[PDB]
């Protein structure tokens, strides 16, 4: 099945994202074949640099909500307490 996974950073915590970014990408690397689409949400203006990042969005294949839960819970970003909001939805291409 496919799941949307939307996660928005807490205010004032951009540096937490930056501090944990390499670990986050290392965490995702062996999982890449299950990720269909993925990237940061961005804030004000038109910039697309690290400083513009405000959250994380992914569309991922998983066999169960349990698998999705483990993926989210084991993320360096989650363990770092980066996020103020997390939204998960089952989903399919139109």
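Positions refer to the first chain, counted from 1.
May I ask you to compare 7-15 and 67-75 by their mean CA B factor in the entry and name the higher one?
-> So the stretch with the higher mean C-alpha B-factor is 67-75.
Mean temperature factor over C-alpha atoms, higher-scoring stretch between 48-56 and 28-36 | Stretch with the greater average CA B-factor: 28-36.
Lowest, middle or highest third: where is residue 2 by Cα B-factor in its chain?
-> Its C-alpha B-factor, which the entry lists for residue 2, ranks in the middle third among residues of this chain.
Tell me, lowest, middle or highest third: where does the Cα B factor of residue 22 rank within its chain?
-> Highest third - that is where residue 22 ends up once the chain's C-alpha B-factors are sorted.
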